[PDB]
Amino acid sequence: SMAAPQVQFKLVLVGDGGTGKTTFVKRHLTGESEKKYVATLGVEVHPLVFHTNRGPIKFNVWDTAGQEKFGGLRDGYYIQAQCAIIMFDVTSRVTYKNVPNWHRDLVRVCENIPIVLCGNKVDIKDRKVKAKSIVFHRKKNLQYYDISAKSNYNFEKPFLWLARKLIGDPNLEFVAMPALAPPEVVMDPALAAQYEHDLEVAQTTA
């Protein structure tokens, strides 16, 4: 049915099963309390509002119901997506090896939409996929962020980058963080500093 104007975008959140997609989208409390279940597609659409210096913007994030564990997602999942997050798990190299497949599936249906690559679970000390190895985004005009869904680490960063690209305003800012579920684990500050340094080095090194 027709819902009863606001800037909003369909954002598809893809990546291997077990990488943390559901845990990540659920950090945004109002997006979880106002989520919509889409029975025909097996999707939960989370409406995530972010308050920018030019007003509110909603990312309607399409979270699977696990079907990615058994094959590709159907066209209706992807259709009219305006942006995307591809997620992998930095403790599982195979999930990073599959990133090009998700990207191919995305571009096949959606062409050149803005995409952010996110390496999740950086709170876990025994990290397997390190900054020096994370190169897929450089090849494809993708932005990369380390994230930890369970600790809210860098939660806002993919959305801010996407918002700037979609609106075409490099100076857009979030005036406040969204209300997020309290961290379930600690993101070690020293670990975060190391990982931010490692990314800085990879980006500036000759």
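Throughout, we count residues from 1 along the sequence that is shown.
Stretches compared: 119-127, 77-85. Higher mean C-alpha B-factor in the entry: 119-127. As listed in the deposited structure, the average C-alpha B-factor of 130-138 and of 67-75 is greater for 130-138. Among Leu11, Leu191, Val25, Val14, the highest C-alpha B-factor in the deposited entry belongs to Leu191.
Per-chain ranking of the deposited C-alpha B factor places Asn171 in the middle third. For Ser148, the recorded CA B-factor ranks within the lowest third of the chain. Only modelled residues enter the ranking.
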